[PDB]
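Each remark here refers to the structure printed beneath this line.
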Amino acid sequence: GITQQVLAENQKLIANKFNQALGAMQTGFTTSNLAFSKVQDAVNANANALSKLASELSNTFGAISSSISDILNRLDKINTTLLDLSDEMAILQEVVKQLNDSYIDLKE
Amino acid sequence: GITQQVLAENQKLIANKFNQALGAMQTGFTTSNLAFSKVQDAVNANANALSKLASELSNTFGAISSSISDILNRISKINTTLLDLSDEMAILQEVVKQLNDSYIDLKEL
Amino acid sequence: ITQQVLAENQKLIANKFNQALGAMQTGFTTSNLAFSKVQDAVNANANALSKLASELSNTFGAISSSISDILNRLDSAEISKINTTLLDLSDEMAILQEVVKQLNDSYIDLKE
């Protein structure tokens, strides 16, 4: 009776609140993945810029060294790391998809 | 009978575990926001440092070239990018808020 | 009857919640992994930038010493003031793993 009506009301409430939180969680992890993508892009681009600067400086120094060795009678280690978050972002995508699969559809 | 009582007990258990997990989620997303802000700060600061190094070398190389040319005649290829996560962090805040207003307050019995 | 439906609906609720719970644990764990990786990469590249700046400083110093020697210039910071910022997310990662711990402790084991 009224215990059953109250139990059904509570079931509906739990379902609504859980689905709302589920949408919120989906959104949060999707934004986290997009932010990780942008972070990877920025970090890798700045690492490429640093490597390009080092290589350009080395090339110019070599050219100057050739010019100097011409007036004489002579013959003639920076490590940049690239960021790789591909697998982690794929796992995050699968997490978001499981959250998709976790929607609650009550029997009326 | 006992089945209705067990169902009410299980409802209470479900709501309690859900609210616990909800608080946990909120803390995790707030922490993700903090970490993303710190990452943005560090990345942009080191990008500005790289840009300053590049421009410094450019100015000095130009000065030396000008001297050699004064006796001889009568680095924008390095481009750094900045990090912007403001929209992502704001939507993370909104996620935390929607999680906040999702707590379950069950009708007792 | 509606009582049978209530029971099976409760089971469905608990199962979908535990599914989502595992999903969130995985999500925050991989977020922690990604944050550790970005910290490592950012700090390594900051060290690389600093090393480039310092080696350029020393090389330019030797060259200026030679030029001053040929000029008999007697007197002996900018590129040595290029200071990088290193990333420290330790507190955030610890908070994240304790969040994953609480999510572990939030699993639903229904009574029959």
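Throughout, read-outs are computed from the coordinates displayed, never taken from laboratory work. FYI the Cβ positions are ideal-geometry reconstructions off the backbone, even for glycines, and counts take in every protein chain you see.
Assorted remarks:
- Filtered residues of the stretch B:20-68 (kept if more than 19 Å from residue B:92 (Cα to Cα) and touching a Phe, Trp or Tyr at 6+ places or on another chain (Cβ under 9 Å)): B:60
- Selection status of residue C:4, more than 23 Å from residue A:84 (Cα to Cα), out of contact with any helix residue (DSSP H, G or I) (no Cβ under 9 Å at 6 or more places or on another chain) and surrounded by fewer than 21 Cβ atoms within 10 Å (Cβ to Cβ): yes
- Among the residues of the stretch C:99-109, those that are surrounded by 14 or more Cβ atoms within 10 Å (Cβ to Cβ) and assigned to a helix (DSSP H, G or I) comprise C:99, C:100, C:102, C:103.
Residue-by-condition table, conditions (1) β-branched (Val, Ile, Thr); (2) touching an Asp or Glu at 6+ places or on another chain (Cβ under 8 Å):
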residue: A:18; (1), (2): no, no
residue: A:43; (1), (2): yes, no
residue: A:50; (1), (2): no, no
residue: A:54; (1), (2): no, no
residue: A:65; (1), (2): no, yes
residue: A:70; (1), (2): no, no
residue: A:73; (1), (2): no, no
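- Criterion: part of a helix (DSSP H, G or I) and either of a type in the set (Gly, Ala, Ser) or closer than 30 Å to residue A:80 by Cβ (or both) - qualifying residue of A:40, A:26, A:11: A:40
- In the stretch A:50-98, residue farthest from the other protein chains (Cβ to nearest Cβ) [restricted to those that are closer than 30 Å to residue C:23 by Cα, aliphatic (A, V, I, L, M) and part of a loop (DSSP other than H, G, I, E, B)]: A:82
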